[PDB]
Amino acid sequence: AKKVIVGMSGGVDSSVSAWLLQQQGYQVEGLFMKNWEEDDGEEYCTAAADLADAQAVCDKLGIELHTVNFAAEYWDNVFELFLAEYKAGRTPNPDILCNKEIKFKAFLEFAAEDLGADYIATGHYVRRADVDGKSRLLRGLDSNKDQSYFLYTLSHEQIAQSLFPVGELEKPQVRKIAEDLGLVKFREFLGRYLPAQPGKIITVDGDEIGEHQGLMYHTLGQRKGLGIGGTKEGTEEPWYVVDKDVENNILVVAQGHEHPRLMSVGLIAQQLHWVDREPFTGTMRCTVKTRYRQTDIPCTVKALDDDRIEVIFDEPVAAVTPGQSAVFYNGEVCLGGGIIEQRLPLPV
């Protein structure tokens, strides 16, 4: 009877994730992946602590806890890139890669080819649904908690092999079952790799106003960091990063979480992925997410072409950041998405 390997972080949703499967009658063993080779004694004092919790649980459930080291697949397939997008002055979402490259590939392939597994599972608050012959990626009760956003690259081929159980409950349940079952500095880090190339801050009306320490240290919409005190203008409202001039190492800023140069009408996504691996052409009426936990925003998606897509919002949106992922949903169905290449600014 079906053996499913559930990766454990020593978390809680991975824990209750295993117990659920087990309770469903699966030969379920656990796997603890290690994707980074420590550098800080501060780092070890964490993984260690996860491993421990990882193990500690598996005992309580009575399942075998395995171990793999994808620390290299990681470095190459997601850390290289990760850094490379900051070089272009973009703001990448490293986790979208960690899933696509590791969690649902490295682990996926391993668990089957080695750990001899029928299915793979994980602590994602997401739901799977095989309908009309093909598996789909869904939200999972309590949309305020859905994490489908990070698994937009997956493919039915992958969805089918995976098993997302915790997504069928309301998150409150999870955290609880776990108890009733007696169970469970970014700026600095970047510096350990990227050199600071200090430039100068300028306002929307081009006015010397501050420095950088780097341009990889800011993202559109980012408030904290600048260090500005307003004067004969500013309306006192805080300052927000509105643009980044990579070529000129110029950081443009503005004022008012509602300033017109922080708003956009749409965007252009490329590096697309549609869960049903069916290429998109034409036009569609769906909804999008520019950043995690961001509320759904209705839109009109126009099949620009090939792999390029033209998304048209229904109301100007906040900080659309090129380099961030764009996920489209059709109800409970996560359809797919791509990486935001261009922002479509507000008509001047």
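Residue positions are given as counts along the sequence shown, with the first one as 1.
Going by the PDB record, how many residues of the deposited sequence fall between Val184 and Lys185 without any coordinates: none, 1 to 3, 4 to 9, or 10 or more?
Missing in between: 10 or more residues.
Where do the C-alpha atoms have the higher mean temperature factor in this entry, in 139-147 or in 234-242?
The recorded data point to 234-242.
Pick between 243-251 and 98-106: the one whose mean CA B-factor in the entry is higher.
That would be 243-251.
Maximum C-alpha temperature factor per the entry, among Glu310, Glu64, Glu43, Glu315, belongs to which one?
So the option with the highest C-alpha B-factor is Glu43.
Which is it among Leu81, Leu154, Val131, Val126: the one with the largest CA B-factor in the entry?
That would be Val131, according to the entry.
Would you mind checking where the Cα B-factor of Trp274 ranks among the modelled residues of its chain, as the lowest, middle or highest third?
Answer is lowest: the recorded C-alpha B-factor places it there.
Which third of the chain does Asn35 land in by C-alpha B-factor: lowest, middle or highest?
Highest third of the chain for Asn35's C-alpha B-factor.
Could you say whether, by C-alpha temperature factor, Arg293 belongs to the lowest, middle or highest third of its chain?
Middle third of the chain for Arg293's C-alpha B-factor.
Mind checking which third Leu344 falls in for C-alpha B-factor across the chain?
According to the entry, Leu344 has a C-alpha B-factor in the chain's middle third.
Divide the modelled residues of the chain into thirds by Cα B-factor and specify which third, lowest, middle or highest, holds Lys176.
Answer is middle: the recorded C-alpha B-factor places it there.
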